[PDB]
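Structure, as structure tokens:
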Amino acid sequence: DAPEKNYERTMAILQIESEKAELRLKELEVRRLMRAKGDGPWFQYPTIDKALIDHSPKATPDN
Amino acid sequence: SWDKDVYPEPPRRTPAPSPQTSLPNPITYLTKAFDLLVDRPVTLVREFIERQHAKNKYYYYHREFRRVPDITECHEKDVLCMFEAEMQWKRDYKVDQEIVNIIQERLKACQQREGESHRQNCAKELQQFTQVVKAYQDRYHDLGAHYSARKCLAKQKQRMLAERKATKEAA
């Protein structure tokens with residue numbers, strides 16, 4: 001291979017791998033913030049549905 | 001051939017043959033025999049091969065590297081620039097190594113050709129060798145086997161802070 005081919009192929013390899021490395025660091029920081037705060041779409045543990053609640057006028061008024 | 005400025009030789013001064021005795025030395029006969037028997041067939045074969053070279057004259061070139069930005073103007077953890085800076089510094093490192101090798105060849109050739117008086121007659125080559133070894137040692141020594149342009153720049157910053165502190169404490 002030419003030294004041009006090896007050189008610019010190495011530059012493309014380094015761009016792809018540096019982008020993957022910065023994205024892995026971003027992925028870890030996103031996981032840390034979402035587990036700590038719980039305001040993201042991940043770690044949304046289930047709660048109780050409010051559609052199960054019956055809002056009909058019951059037998060006694062104080063409820 | 002080569003360049004006589006990068007590889008200097010002082011002019012050859014051979015003395016004239018001044019025979020004092022009457023006995024003929026064998027060396028003139030041996031030089032004539034080496035010219036007739038040996039030098040002329042070698043010259044004929046070299047002329048034949050050189051005439052075969054002249055039938056197809058093509059060329060090889062010297063590889064030019066244009067100057068990319070060095071490691072000082074590369075951002076931290078920016079591999080697309082500091083890769084180019086690292087390769088540039090490694091090529092400059094090979095070049096500086098070969099410069100030191102050329103000056104070693106000058107020192108050794110002076111120590112041979114000046115004979116017994118080489119301690120006087122090779123002070124210029126010794127001073128050039130001392131300068132280039134001092135510069136090479138300030139530039140690339142003690143870096144380690146994982147040498148990089150970051151290591152060399154950190155060594156240069158350490159040496160410059162030492163020089164600046166030695167200047168300020170001598171103010």
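Values for this structure:
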item: Cα shape, segment B:24-116, gyration tensor, a/c 1.5 rule; result: oblate
item: Exposure proxy ranking, count of Cβ atoms within 10 Å, fewest first, for B:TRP89, B:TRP2; result: B:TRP2, B:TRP89
item: Helix-only CD estimate at 222 nm, as mean residue ellipticity for the protein assembly as shown, using -39500 (n - 2.57) per DSSP H run (n ≥ 4); result: -20000 deg cm²/dmol
item: Under 28 Å from the Cα of B:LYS168 - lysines, other chains or at least 8 residues apart; result: B:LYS134, B:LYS151, B:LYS155, B:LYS157
item: Segment B:1-116: relative contact order in percent, alpha carbon pairs under 8 Å with at least 6 residues between; result: 18
item: Residue exposure sequence - B:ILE99, A:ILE53 - by fewest surrounding Cβ within 10 Å; result: A:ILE53, B:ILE99
item: Spatially proximal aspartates and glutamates relative to B:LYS90 (Cα-Cα < 13 Å; intrachain offsets below 8 disregarded); result: B:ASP70, B:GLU98
item: Anisotropy class of chain B from Cα gyration tensor, a/c 1.5 cut; result: oblate
item: Free-standing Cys residues across chain B, given no other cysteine C-beta under 4.7 angstrom; result: B:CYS152
item: Gain in span if fully extended, B:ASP78 to B:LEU36, counting 0.36 nm per residue against the direct Cα distance; result: 8.3 nm
item: Chymotrypsin sites (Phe, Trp or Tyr not before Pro) restricted to DSSP loop in chain A with at most 13 other C-beta within 10 Å; result: A:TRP42, A:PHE43
item: Neighbourhood net charge (12 Å Cβ-Cβ; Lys/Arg +1, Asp/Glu -1) for B:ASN101; result: 0
item: Paired Rg and Dmax values of chain A, which use every Cα atom, in angstrom; result: 26.6, 88
item: Nearest-ten-degree value, helix A:3-37 long axis tilted from longest Cα axis of chain A; result: 20
item: Rounded if a/c under 1.5, otherwise prolate or oblate - the protein assembly as shown, Cα gyration tensor axes; result: prolate
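Every number in this text was worked out from the coordinates using simple rules, so none of it is lab data. Positions of Cβ are generated from backbone atoms using ideal geometry, with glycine treated the same way; all protein chains shown enter the neighbour counts.
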